[PDB]
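Peer 1: Input structure: entry38.pdb, which contains PDB, C-alpha atoms.
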ATOM      1  CA  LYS A   1     -43.576  84.005  62.169
ATOM      2  CA  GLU A   2     -45.720  82.819  65.086
ATOM      3  CA  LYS A   3     -44.924  83.068  68.795
ATOM      4  CA  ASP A   4     -45.792  82.740  72.286
ATOM      5  CA  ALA A   5     -48.268  85.100  73.736
ATOM      6  CA  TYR A   6     -50.826  85.620  76.491
ATOM      7  CA  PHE A   7     -54.415  86.902  76.753
ATOM      8  CA  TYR A   8     -55.997  87.222  80.127
ATOM      9  CA  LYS A   9     -58.710  89.298  81.840
ATOM     10  CA  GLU A  10     -61.326  89.359  84.613
ATOM     11  CA  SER A  11     -61.595  85.819  86.053
ATOM     12  CA  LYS A  12     -65.053  86.834  87.318
ATOM     13  CA  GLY A  13     -64.066  84.320  89.940
ATOM     14  CA  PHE A  14     -62.910  84.860  93.480
ATOM     15  CA  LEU A  15     -63.949  87.197  96.290
ATOM     16  CA  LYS A  16     -60.978  89.648  96.268
ATOM     17  CA  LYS A  17     -59.942  91.914  93.364
ATOM     18  CA  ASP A  18     -57.065  92.161  90.803
ATOM     19  CA  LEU A  19     -57.954  88.634  89.685
ATOM     20  CA  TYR A  20     -57.431  88.074  85.896
ATOM     21  CA  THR A  21     -57.268  84.377  84.763
ATOM     22  CA  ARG A  22     -54.798  83.574  81.948
ATOM     23  CA  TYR A  23     -55.281  81.984  78.520
ATOM     24  CA  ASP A  24     -52.555  81.106  76.019
ATOM     25  CA  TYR A  25     -52.008  82.573  72.537
ATOM     26  CA  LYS A  26     -51.253  81.298  69.201
ATOM     27  CA  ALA A  27     -49.968  84.651  68.015
ATOM     28  CA  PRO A  28     -48.931  86.245  64.685
ATOM     29  CA  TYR A  29     -45.390  87.573  65.050
ATOM     30  CA  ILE A  30     -43.938  89.866  62.391
ATOM     31  CA  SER A  31     -40.288  90.735  62.031
ATOM     32  CA  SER A  32     -40.256  94.017  60.420
ATOM     33  CA  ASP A  33     -36.533  94.670  60.791
ATOM     34  CA  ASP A  34     -35.010  91.164  60.951
ATOM     35  CA  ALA A  35     -37.020  90.186  57.865
ATOM     36  CA  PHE A  36     -35.609  93.139  55.915
ATOM     37  CA  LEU A  37     -32.058  92.243  56.945
ATOM     38  CA  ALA A  38     -32.652  88.648  55.840
ATOM     39  CA  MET A  39     -34.014  89.813  52.477
ATOM     40  CA  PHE A  40     -31.280  92.303  51.536
ATOM     41  CA  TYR A  41     -28.519  92.422  54.197
ATOM     42  CA  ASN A  42     -27.941  88.719  54.931
ATOM     43  CA  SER A  43     -28.578  87.217  51.477
ATOM     44  CA  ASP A  44     -27.885  89.198  48.298
ATOM     45  CA  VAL A  45     -29.834  87.207  45.688
ATOM     46  CA  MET A  46     -32.808  89.570  45.308
ATOM     47  CA  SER A  47     -30.460  92.568  45.108
ATOM     48  CA  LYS A  48     -28.362  91.011  42.332
ATOM     49  CA  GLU A  49     -31.446  90.026  40.329
ATOM     50  CA  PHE A  50     -32.898  93.542  40.546
ATOM     51  CA  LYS A  51     -29.584  95.149  39.567
TER
ATOM     52  CA  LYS B   1     -48.431 110.392  73.191
ATOM     53  CA  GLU B   2     -48.605 108.676  76.579
ATOM     54  CA  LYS B   3     -51.411 106.366  77.672
ATOM     55  CA  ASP B   4     -52.847 103.962  79.981
ATOM     56  CA  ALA B   5     -51.321 100.553  79.959
ATOM     57  CA  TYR B   6     -50.906  97.345  81.948
ATOM     58  CA  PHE B   7     -48.136  94.975  83.124
ATOM     59  CA  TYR B   8     -49.044  91.981  85.196
ATOM     60  CA  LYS B   9     -47.707  88.604  86.288
ATOM     61  CA  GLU B  10     -47.733  86.010  89.115
ATOM     62  CA  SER B  11     -49.587  87.176  92.288
ATOM     63  CA  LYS B  12     -47.640  84.359  94.003
ATOM     64  CA  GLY B  13     -49.505  82.256  96.527
ATOM     65  CA  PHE B  14     -52.857  80.495  95.969
ATOM     66  CA  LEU B  15     -53.787  76.814  95.955
ATOM     67  CA  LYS B  16     -54.824  77.183  92.330
ATOM     68  CA  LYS B  17     -52.456  78.763  89.838
ATOM     69  CA  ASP B  18     -53.638  81.297  87.184
ATOM     70  CA  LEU B  19     -53.508  84.101  89.764
ATOM     71  CA  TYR B  20     -51.816  87.082  87.993
ATOM     72  CA  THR B  21     -52.011  90.461  89.849
ATOM     73  CA  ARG B  22     -52.071  93.640  87.722
ATOM     74  CA  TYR B  23     -49.743  96.648  87.834
ATOM     75  CA  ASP B  24     -50.317  99.962  86.075
ATOM     76  CA  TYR B  25     -48.248 101.624  83.330
ATOM     77  CA  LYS B  26     -47.117 104.998  82.505
ATOM     78  CA  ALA B  27     -46.707 104.072  78.869
ATOM     79  CA  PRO B  28     -45.200 105.615  75.686
ATOM     80  CA  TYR B  29     -47.851 105.504  72.961
ATOM     81  CA  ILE B  30     -46.941 106.173  69.315
ATOM     82  CA  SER B  31     -49.395 106.960  66.531
ATOM     83  CA  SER B  32     -47.615 105.847  63.569
ATOM     84  CA  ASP B  33     -50.529 106.183  61.147
ATOM     85  CA  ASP B  34     -52.695 108.818  62.874
ATOM     86  CA  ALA B  35     -49.633 111.063  63.236
ATOM     87  CA  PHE B  36     -48.876 110.861  59.512
ATOM     88  CA  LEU B  37     -52.487 111.685  58.663
ATOM     89  CA  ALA B  38     -52.356 114.698  60.992
ATOM     90  CA  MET B  39     -49.075 115.890  59.460
ATOM     91  CA  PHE B  40     -49.997 115.751  55.769
ATOM     92  CA  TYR B  41     -53.616 114.653  55.219
ATOM     93  CA  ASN B  42     -55.544 116.546  57.914
ATOM     94  CA  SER B  43     -53.563 119.811  57.869
ATOM     95  CA  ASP B  44     -51.740 120.973  54.731
ATOM     96  CA  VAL B  45     -49.257 123.500  56.156
ATOM     97  CA  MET B  46     -46.104 121.359  55.930
ATOM     98  CA  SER B  47     -47.062 120.268  52.405
ATOM     99  CA  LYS B  48     -47.526 123.854  51.193
ATOM    100  CA  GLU B  49     -44.225 124.967  52.731
ATOM    101  CA  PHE B  50     -42.321 122.125  51.061
ATOM    102  CA  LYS B  51     -43.992 122.786  47.701
TER
END
Using structure tokens, write down the structure from this file.
Peer 2:
Amino acid sequence: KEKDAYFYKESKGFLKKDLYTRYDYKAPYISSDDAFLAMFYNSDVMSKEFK
Amino acid sequence: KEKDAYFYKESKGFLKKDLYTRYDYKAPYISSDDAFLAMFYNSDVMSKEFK
């Protein structure tokens, strides 16, 4: 899947510290556990075929 | 392990947005792959015992 995220560091900007300007992320999201449940625990097609 | 990390959002109060003040993390760090290599591929004590 793809979700929401955030990348942001060192504005190199203004005269007082802790600055950090934000940019927005296109980001690769991966399920590991929900995907497994979908494959074998929610739908039982794969399981039946393999059996 | 425990390492270094970073949590940071919304400094709250400039004329421009994209402010974002940083806070520092105590953070639980987990190896998954390096730990496995240490357990069985770097040192072979566990392996020998099980064999």
Peer 1: Pull out every residue of chain A sitting within 10 Å of chain B, counting all atoms listed in the file, and send them as a ChimeraX atom specification.
Peer 2: /A:8-9,11,17-23
Peer 1: Residues near segment 27-39 of chain A, anyone? I mean within 9 Å using all atoms listed in the file, not counting same-chain ones fewer than 6 positions away, as a PyMOL selection string.
Peer 2: chain A and resi 1-6+45-47
Peer 1: Can those selected residues be exported to a file as an mmCIF file, in the frame of the given file so that it contains C-alpha atoms?
Peer 2:
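The resulting file, out-v5.cif, is shown below:
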data_model
loop_
_atom_site.group_PDB
_atom_site.id
_atom_site.type_symbol
_atom_site.label_atom_id
_atom_site.label_comp_id
_atom_site.auth_asym_id
_atom_site.auth_seq_id
_atom_site.Cartn_x
_atom_site.Cartn_y
_atom_site.Cartn_z
ATOM 1 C CA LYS A 1 -43.576 84.005 62.169
ATOM 2 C CA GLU A 2 -45.720 82.819 65.086
ATOM 3 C CA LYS A 3 -44.924 83.068 68.795
ATOM 4 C CA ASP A 4 -45.792 82.740 72.286
ATOM 5 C CA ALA A 5 -48.268 85.100 73.736
ATOM 6 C CA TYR A 6 -50.826 85.620 76.491
ATOM 7 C CA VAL A 45 -29.834 87.207 45.688
ATOM 8 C CA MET A 46 -32.808 89.570 45.308
ATOM 9 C CA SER A 47 -30.460 92.568 45.108
#
Peer 1: Chain A least-squares fit onto chain B, all C-alpha atoms in order: RMSD in Å?
Peer 2: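 That gives an RMSD of 0.7 Å.
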Peer 1: Do you have the atom CA of residue 15 of chain A-atom CA of residue 26 of chain B distance handy?
Peer 2: 28.1 Å
Peer 1: Give me the box for segment 8-12 of chain B as lines of an AutoDock Vina configuration file, namely the centre and edge lengths in Å to one decimal of a box along x, y and z that holds every listed atom plus 3 Å on each side.
Peer 2:
center_x = -48.6
center_y = 88.2
center_z = 89.6
size_x = 7.9
size_y = 13.6
size_z = 14.8
Peer 1: In Å to one decimal, how far is atom CA of residue 13 of chain B from atom CA of residue 25 of chain B?
Peer 2: 23.5 Å
Peer 1: Could you please determine the separation between atom CA of residue 14 of chain A and atom CA of residue 24 of chain B in Å, to one decimal place?
Peer 2: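 Atom CA of residue 14 of chain A sits 21.0 Å away from atom CA of residue 24 of chain B.
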